[PDB]
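S.K.: Experimental coordinates for this protein are included below, preceded by the sequence.
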Amino acid sequence: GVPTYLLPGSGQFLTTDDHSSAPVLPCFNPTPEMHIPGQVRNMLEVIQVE
Amino acid sequence: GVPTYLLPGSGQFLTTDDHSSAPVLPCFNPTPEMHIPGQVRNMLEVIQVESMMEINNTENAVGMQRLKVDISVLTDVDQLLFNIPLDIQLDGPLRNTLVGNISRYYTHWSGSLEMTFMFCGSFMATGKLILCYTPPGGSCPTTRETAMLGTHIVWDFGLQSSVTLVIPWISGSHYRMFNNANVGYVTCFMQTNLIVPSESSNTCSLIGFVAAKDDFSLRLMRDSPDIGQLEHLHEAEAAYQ
Amino acid sequence: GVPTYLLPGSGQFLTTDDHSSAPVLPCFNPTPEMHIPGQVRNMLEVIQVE
Amino acid sequence: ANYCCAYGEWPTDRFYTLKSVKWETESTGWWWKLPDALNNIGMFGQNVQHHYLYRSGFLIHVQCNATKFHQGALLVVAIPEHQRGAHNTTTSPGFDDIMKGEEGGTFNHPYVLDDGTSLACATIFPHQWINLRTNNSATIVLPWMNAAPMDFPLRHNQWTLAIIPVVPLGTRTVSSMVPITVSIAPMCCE
Amino acid sequence: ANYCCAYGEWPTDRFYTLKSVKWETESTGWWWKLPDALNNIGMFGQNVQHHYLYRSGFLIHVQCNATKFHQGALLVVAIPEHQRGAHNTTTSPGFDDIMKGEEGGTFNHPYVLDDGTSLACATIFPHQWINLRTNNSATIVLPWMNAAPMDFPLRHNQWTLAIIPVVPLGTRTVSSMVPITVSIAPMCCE
Amino acid sequence: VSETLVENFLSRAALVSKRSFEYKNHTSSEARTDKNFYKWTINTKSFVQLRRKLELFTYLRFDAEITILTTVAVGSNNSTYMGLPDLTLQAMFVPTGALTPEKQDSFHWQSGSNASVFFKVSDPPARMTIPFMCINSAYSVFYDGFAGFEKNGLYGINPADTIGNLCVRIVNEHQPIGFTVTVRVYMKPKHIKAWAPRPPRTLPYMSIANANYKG
Amino acid sequence: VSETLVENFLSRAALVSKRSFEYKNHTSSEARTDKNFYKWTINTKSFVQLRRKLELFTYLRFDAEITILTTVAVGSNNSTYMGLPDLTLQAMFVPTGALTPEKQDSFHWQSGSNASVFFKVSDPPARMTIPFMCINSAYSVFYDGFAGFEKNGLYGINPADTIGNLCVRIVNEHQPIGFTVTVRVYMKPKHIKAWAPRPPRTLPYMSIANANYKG
């Protein structure tokens, strides 16, 4: 066994953290994505349109 | 000591996760496995085996009579023999088959089907049948010449006892699965009369099979509703007091 | 800190698991073992005696 | 002649020929449990009741004798571990109605295979089709088919050969009869 | 002549010319849903109701016929998945008021695009400007624009071509009229 | 420039649904479908903030991460404080094309095919990641089409998408003392891809199913 | 194509057994074999869903992972809520050929050979993996044979297989207040190998030991 101790702030919900979570359907294969024209990757490209 | 903190969702039972658990008997050695013929590794191999269709869709037909349609000498030409809607999840000829039974365990199905029809008349029986395929975006044909306009096969069972029809690739998920079944039909018409020798029987029967091609796909496994629903069984409580 | 979550079956006593435990007397040195004739390493050797 | 190796596995030559059965227009089907069928005949039966042990495959040949004016289709299917069931009761089938010997039994409900499954899906098992207008014989080669490496022939039937007329026999006369001959040849019998 | 490839994607030649609309000083705008507009005309419509399936792009040409004494500005914008909305009720728009066919419809509130969004920001969509003092024609090339690889032409309109006069038509006379001609050429129609 | 990416712009946890329900000895038919459980179809067009943020694009493709926060309290004070007994809750994700429970003791709660999570009140909030559940390559935020093949279909409702239905119940058989439990559901889209940006909404929304505008 | 593998098709946790039992000061002979404990022979042919799914094959070889979920509640409300005292439960896996307990205080509970797990109610559910326990190379879903050598043997019952028996009791000596505890057992087969696929069942089951059909 690995000896561990709990740091302050354990068991808290931050609503901003990015932690991997358990997949609800591990065996399900999502539909493959196709090329859809007009992809937005950054919102700065939106405001550059007059 | 390693400093750790507990993430949200710790100590929860997911019923779907795959985590290694503690062996109950670590020292026990299970019986070594031998080679048993007939191993199944993927369930797609099951649906690729042809199974008989309940072609005789008449309501009064029960049991064995549902597996064959009878062609008699008195049957008129240009008469519809059977129609097979192409929706495995739908209750019809494809329902009580391997493909339908396995597909009802999943939500989204896609692929192409293959149908085989076998004529089981006498050796000298002769005649011609028209097997027409109707695409999902169309109406089921009602007359022989209307059926002849579309994709069709003129089957002479006096020469060939078996004919194979390949249904093109179809995605049942997109084609109206509770979008709130006209997914395609296969119909047979009597092109000519049935001619038999005087010593043979006046009635002949047809047997149909259905199988899934290697391009079939199943996704989003669910609970099959055709089990007969959960009723408590006999000797259940007494088995594990 | 290492983000961790507790799996089902944590804090349970199995009576069959093999986990290292804390030595009660870490500084104590046990008596060295000598060669004693008649060592048994497997119980199959016992049943092979008539 | 065009044999069928069950599950694509190929594991003597006595070919014990059972008494021929009569295929009528109203026949439902016939079945034989393979270890039990030969348990009382020939060197196979003598060795079976001499020893407590048995291990071998099987070779099945089914032949029909009919003219070109006869019609009908047979499903010759070998069902592994065909655990039968009763029709309208909760009690298990008995020894008398399970072990029929070389005489064999008949299907009460061929539609459900006397099991509660479907006959339409029985083609998943090793099988051959006998369509009287094209062929009159079927040959199936059966592998060991047992979880254990060893078996007791007097208590467990590993295979069940079933012959079921899917399309009833027919001719001009309302009454028809066509003999069906079954020959079983155990291979490497123990 | 100076075409506009929508979203920088370049995916026959019949150029179905719809009946010209009359641009008046009080016109609010016109719109056509592209799959629906050609659903009842030409080989495109015949194939569309022959098959259950359709997949193709589009080519749009809009032209105005005006003299040098006319003034006005048009916004020729192709809106993908232009889901319209009602004005003073909670009920969804109906089939009759959504599928207008080749006749098309008119904007009730061009300021909000009949959607509740803003016309001022409609330039984010593929668009061209028709300023009568500089040009009188606009050409837009439209890609596939569908989430699925396949689509039903009779139930889903992928594109909506909208022509909205931002600056009203004007001349010395209080009444003005300038014809507007719309030509749609589906490419690789299925 | 990283803060203004689409992933950072849209991947913020939000209270998509909050619904309390009583559970006191509901042997009788009081509050059908609310006896000891609640259900919520997973739709993103519920809160106006998320509606306006998501409706800036035509097509979206994301995985929804759901965290469930549950609190228990009582205002009756029929006895001493006595603390709050630890209750175990079951949250089952019922995807489209599957049967959802209609009562707290329905056999659908033990389906074995629908993914389910069992958690206690004293435990940290339960988290699950629902994958991209759509027959198409992307969700349709706006759908210029009709669902059904008949003309009676609804405008704007894609029969695709339809992420699924989420049901939460109290596993414990009804204890002698009733209680009010409030379940808060937070959804945070992940691995977001967006296409075809659209003008922002300017008029107040009139319905959750229509693009109707007031004015 | 991975979702439709046999391992994914069959390896889904399912509520194989659920059985509550009271424990209130059972010094008397009330509810023999149900005083403070329950036993359950580990058989997979208990729920019709799992029956139909497993009976698609003739031979199976898998390891069963068991998770036990326990909840405690009371409807008497003889006093204040006062919470629920933390009880320790013992789950002992008794394999075939071993003696199973007949009472809560039987000496079999401290055998030292049967594997046992001690867990608390407030703890997460206990998990244990039962290995492939069969004298043969695979379980026999269908057995065309008789168990005993005498003709009185039962048809379809393989004297092999017989994974074992699972017994659960409350370790704590009976506290002054009685309680109702419900134990839910979830079994998830792992490392599954299947042979000789069979036609699906079409008629409703008539018994847990027979292949009898109605009709």
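M.R.: Nice, thanks for sending it over. Numbers count the residues shown, from 1 in each chain, chains lettered A, B, ... in the order given.
S.K.: ranges for the helices of chain A?
M.R.: A:44-47 (DSSP state H).
S.K.: Spell out which parts of it neighbour chain C.
M.R.: A:1, A:4, A:7, A:10, A:19 (C-beta under 8 Å from any C-beta of the partner chain). In short, each C-beta sits where N, CA and C put it, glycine included.
S.K.: Settle this for me: the fourth one is touching residue B:4, isn't it.
M.R.: Think residue A:10. Yes: if you go by C-beta atoms under 8 Å, residue A:10 and residue B:4 touch, sitting 7.2 Å apart.
S.K.: So in terms of bridging, what pairs with the closest residue in space to residue F:112 that isn't next to it in sequence?
M.R.: Nearest non-adjacent residue to residue F:112, counting by C-beta to C-beta, 6 or more residues apart in numbering or on different chains: residue G:14, 3.7 Å away. Under the criterion DSSP bridges, residue G:14 forms beta bridges with residue G:187.
S.K.: coming back round to it: hey, what's in contact with both of residue A:10 and residue B:4?
M.R.: Shared contacts of residue A:10 and residue B:4, defined by C-beta atoms under 8 Å, 6 or more residues apart in numbering or on different chains, comprise residue C:1.
S.K.: ok, so what distance separates residue F:193 from residue E:92?
M.R.: Using C-beta to C-beta, to the nearest Å, residue F:193 is found at 28 Å from residue E:92.
S.K.: no no, residue D:145
M.R.: Per C-beta to C-beta, residue D:145 is found 62 Å from residue E:92.
S.K.: do the same with residue F:2
M.R.: From residue F:2 to residue E:92 the distance is 40 Å (C-beta to C-beta).
S.K.: These two: who's more crowded?
M.R.: residue E:92 (20 against 7; other C-beta atoms under 10 Å in any protein chain shown).
S.K.: check contacts around the residue nearest to the spatial centre of chain F.
M.R.: Among the residues of chain F, the one closest to the centroid is residue F:42, at 4.1 Å (C-alpha atoms, centre = their mean). Going by C-beta under 8 Å, 6+ apart, residue F:42 touches F:16, F:64, F:130, F:163, F:164, F:165, F:166, F:187.
S.K.: With adjacent residues omitted, what lies nearest to the fourth one?
M.R.: Among residues not flanking residue F:163 along the chain, residue F:42 sits closest, at 4.3 Å (C-beta to C-beta, 6+ apart).
S.K.: So which residues of chain A form strands?
M.R.: Using DSSP state E, the strands of chain A run over A:4-6, A:39-40.
S.K.: State the number of residues packed around whatever residue of chain A ends up closest to chain B.
M.R.: Here chain A gets closest to chain B at one residue, residue A:10, 3.3 Å apart by C-beta to the nearest C-beta. Residues lying near residue A:10 (other C-beta under 10 Å) number 17.
S.K.: circling back: which among the residues of chain A next to chain C count as buried?
M.R.: Neighbour-count burial within these applies to residue A:10; the criterion is 16 or more other C-beta atoms under 10 Å in any protein chain shown.
S.K.: The residues of chain A next to chain C into CSV, with extra columns for distance to residue D:173?
M.R.: Output for the residues of chain A next to chain C, formatted as CSV (distance: C-beta to C-beta, whole Å):
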residue, distance to residue D:173
A:1, 85
A:4, 88
A:7, 93
A:10, 89
A:19, 81
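S.K.: ok, the residues of chain A next to chain C vs residue D:121, which is closest?
M.R.: residue A:19 (47.1 Å; C-beta to C-beta).
S.K.: residues in contact with the nearest residue to the closest one once chain neighbours are set aside?
M.R.: Nearest residue to residue A:19, sequence neighbours excluded (C-beta to C-beta, 6+ apart): residue B:7, at 5.4 Å. Residues in contact with residue B:7, defined by C-beta under 8 Å, 6+ apart, are A:19, C:3, C:4, C:5, F:124, F:127.
S.K.: and the two most separated of these?
M.R.: Once C-beta to C-beta is applied, the contacts of residue B:7 give C:4 and F:127 as the farthest pair, at 13.5 Å.
S.K.: so where do the strands sit in chain D?
M.R.: D:4-5, D:16-17, D:21-23, D:30-33, D:58-64, D:71-80, D:105-106, D:127-131, D:137-142, D:159-170, D:178-184.
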